[PDB]
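If you read the protein sequences in the order shown, they are chains X and C. Here the first sequence is numbered in the numbering used here, starting from 193 and rising by one per residue. Here the second sequence is numbered in the numbering used here, starting from 6 and rising by one per residue. To start, the structure itself, in structure tokens.
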Amino acid sequence: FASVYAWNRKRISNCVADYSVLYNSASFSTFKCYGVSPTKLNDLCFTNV
Amino acid sequence: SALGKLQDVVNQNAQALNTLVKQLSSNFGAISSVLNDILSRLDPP
């Protein structure tokens, strides 16, 4: 990974990303969503992540 | 070939309906002005 004082920054581009494989992976100890509740992510549409 | 007392009523009523239509694009302190963009990226609570 990358340090905390120089974090990384990847600019995800066009690509059918399934926010579901993340949300249900149960391997994450913390999964908070703020602007938008998690289940409505796998149906939205963004331009730059 | 005058009628301003009749044009005043037409103008006042159109000017009120326009304000009513245009207030549909204020947030009133919410995140979006459109209800579908609150419904799509938020959960009921």
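Here a beta-carbon is modelled for each residue, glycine too, at the ideal position from N, C-alpha and C.
With a CB to CB cut of under 6 Å and the five nearest residues on each side skipped, what residues in its chain are close to residue i?
{"i": "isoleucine 204(X)", "result": "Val241"}
Whose Cβ in chain C lies nearer than 7 Å to the Cβ of residue i?
{"i": "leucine 236(X)", "result": "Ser45, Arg46"}
{"i": "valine 228(X)", "result": "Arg46, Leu47"}
Could you spell out where the alpha helix (DSSP H) holding residue i opens and where it closes?
{"i": "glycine 9(C)", "result": "9-27"}
{"i": "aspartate 42(C)", "result": "41-44"}
{"i": "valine 213(X)", "result": "211-215"}
At a CB-CB cut-off below 9 Å, which residues of chain C make contact with residue i?
{"i": "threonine 231(X)", "result": "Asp48"}
Using a Cβ-Cβ cut-off of 8 Å (strictly less than) and excluding sequence neighbours within five positions of residue i, which residues of its own chain qualify?
{"i": "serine 31(C)", "result": "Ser38"}
Assuming residue i and residue j form a contact by the criterion Cβ under 8 Å, report the distance between their Cβ atoms to the nearest whole angstrom.
{"i": "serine 217(X)", "j": "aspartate 48(C)", "result": "Not a contact, Cβ separation roughly 19 Å."}
Spatial neighbours of residue i within its chain, please: C-beta separation below 7 Å, excluding the five flanking residues on both sides.
{"i": "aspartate 210(X)", "result": "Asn234"}
{"i": "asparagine 200(X)", "result": "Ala194"}
Subject >> Residues of the segment 195-222 of chain X with Cβ closer than 9 Å to any Cβ of chain C, in chain order >> reply: none
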